[PDB]
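One chain comes next, on its own, written as structure tokens: the form deposited without its partner chain.
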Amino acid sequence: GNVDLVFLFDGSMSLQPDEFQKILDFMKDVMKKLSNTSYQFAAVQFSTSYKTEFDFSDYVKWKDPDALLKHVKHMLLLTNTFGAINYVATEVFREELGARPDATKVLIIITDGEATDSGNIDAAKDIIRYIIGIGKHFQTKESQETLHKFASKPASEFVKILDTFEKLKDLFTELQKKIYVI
């Protein structure tokens, strides 16, 4: 039961330095909690374009979330979520980059705005997809609904709407209550 998990994180211009860091901290928190397990990780920043900040092979080598994310540079551009999810599916979940054949694939998408592009995420549909939408851009129910298409079903399970970046701590608290030895 191997799990290959990718964090796909928003690096758009809307994000303040502390908000961007809170996103990184949440990613680190999850990885640290799941150290020395069947989980292996990759992280991809997305804005207008995409950057694999570290891949699965990097994670195996270092096993240190602080070191792996120490040299991330905030892109400060747009929010091309469709393109980003497609990039993960076709350019990140790859054996060449340390992905394990037949592993359970998981995506955690973290964003603070509506997608600035369009299309489909068919290429990523076999990945278990969570999306975390954070902050004032997701005030309306309408804006929150736009995230449903990116996530696995039902949205009640896979879509998390947080009013503040501080709430990432509370989300991590909740997530950990779902951790079991099987």
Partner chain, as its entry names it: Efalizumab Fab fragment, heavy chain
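Residue numbers count along the first chain shown, from 1.
FYI, the form deposited with its partner chain bound isn't displayed, but the following is about it.
Remark: residue 99 does not count among the residues lining its partner chain in the entry with it bound, judged by a heavy atom distance of 4.5 Å or less.
None of the heavy atoms of residue 123 is located within 4.5 Å of its partner chain in the entry with it bound. In the entry with it bound, none of the heavy atoms of residue 89 sits within 4.5 Å of a heavy atom of its partner chain. Of the heavy atoms in residue 162, none are within 4.5 Å of its partner chain in the entry with it bound.
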